[PDB]
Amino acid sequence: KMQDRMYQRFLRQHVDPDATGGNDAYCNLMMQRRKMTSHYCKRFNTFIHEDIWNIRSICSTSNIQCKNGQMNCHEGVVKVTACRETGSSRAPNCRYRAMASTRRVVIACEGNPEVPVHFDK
């Protein structure tokens, strides 16, 4: 509905199935590519390296409570690259440290069928 646009924002900001690891150069490139450095440098962002459909599938795991108190969150273990703004970055040269790992994540899902719409934690 308007959930699709939330879903697309999520894909853009958090899904890169093609890579699997992350070095600093990846973050600097991808943070720009995915439009998270156009105005200011987004300080921290997580990219998930899994197939869109493996991710969508998390929405079918047991419901758990989000940080905002809603019950539509779901937890799962996935390959990520986390990008942090370095101490040497400025706008427009936004600059980052990658931190690749396989880790638990929590996503809000909404809709019918249920798609991910929001990274909770």
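Position 1 is the first residue in the sequence shown; the rest follow in order.
Trainee: Could you settle it for me: does 16 to 24 or 107 to 115 have the higher average Cα B factor in the PDB entry?
Mentor: For C-alpha atoms only, the mean B-factor is higher in 16 to 24.
Trainee: Can you tell me which stretch has the higher mean Cα B-factor, 56 to 64 or 34 to 42?
Mentor: On average, C-alpha B-factors are higher across 34 to 42.
Trainee: If you rank every modelled residue in this chain by C-alpha B factor, which third holds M99: lowest, middle or highest?
Mentor: Within its chain, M99 is a highest-third residue by C-alpha B-factor, going by the deposited values.
Trainee: Comparing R90 with the other modelled residues of its chain, is its CA B-factor in the lowest, middle or highest third?
Mentor: Highest third, going by the recorded CA B-factors of the chain.
Trainee: Comparing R84 with the other modelled residues of its chain, is its CA B-factor in the lowest, middle or highest third?
Mentor: Answer is highest: the recorded C-alpha B-factor places it there.
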